[PDB]
Amino acid sequence: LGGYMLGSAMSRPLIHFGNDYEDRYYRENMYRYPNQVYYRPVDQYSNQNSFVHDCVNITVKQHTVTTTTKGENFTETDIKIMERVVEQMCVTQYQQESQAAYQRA
């Protein structure tokens, strides 16, 4: 996580499942399972899940393993929501980082 830069502490990218429980789950998940990912500035890597989904295999750690362990109930569904939010956001932040290299480069 020395290369892994905080891939934006988003305010959650608006996800929704059209659900009650899992929907809300994610809705609150965003705080208990954060709205930020950990990854380095990617654009010339050309790999999405490979880097991004991995970037959350960092995030859903760095938080969920101290953030979730402060007395949360994290079930299989409590995982996806986070991963899925933080992941696709990391994807969003991939094309965003890629064009951030269009801003700074």
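Residues numbered from 1 in each chain as written, not as in the entry; some residues may be left out. Heavy atoms only, no water.

As recorded in the PDB header, solution NMR is the method behind this entry.

**Topic: the UniProt feature "disulfide bond" in the protein chain**
For the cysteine pair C55 and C90, annotated in UniProt as disulfide-linked, the sulfur atoms lie 2.0 Å apart, within bonding distance in this model. Taken together, the positions of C55 in helix 2 (residues 49–62) and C90 in helix 3 (residues 76–100) put the pair 35 residues apart, joining distant regions of the chain. For the pair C55 and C90, a shared accessibility class is recorded, and that class is buried. (Disulfide = S-S within 2.5 Å. UniProt positions renumbered as here; feature names shortened; annotations may be inferred. Helix = DSSP H or I, 4+ residues; strand = E, 2+ residues; numbered from the N terminus. Buried < 20%, exposed > 50% of the residue type's maximum accessible area, 1.4 Å probe, protein only.)

**Observations regarding the environment of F17**
In this structure, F17 sits in the loop between strand 1 (5–7) and helix 1 (21–32). Take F17: its relative accessible area is 25%, and that puts it in the partly exposed class. C-alpha separation for the pair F17 and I81, spaced 64 residues apart in sequence, amounts to 9.3 Å. Setting aside residues no more than four positions away along its own chain, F17 makes contact with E22, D23, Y26, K80, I81 and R84. (Contact = heavy atoms within 4.5 Å.)

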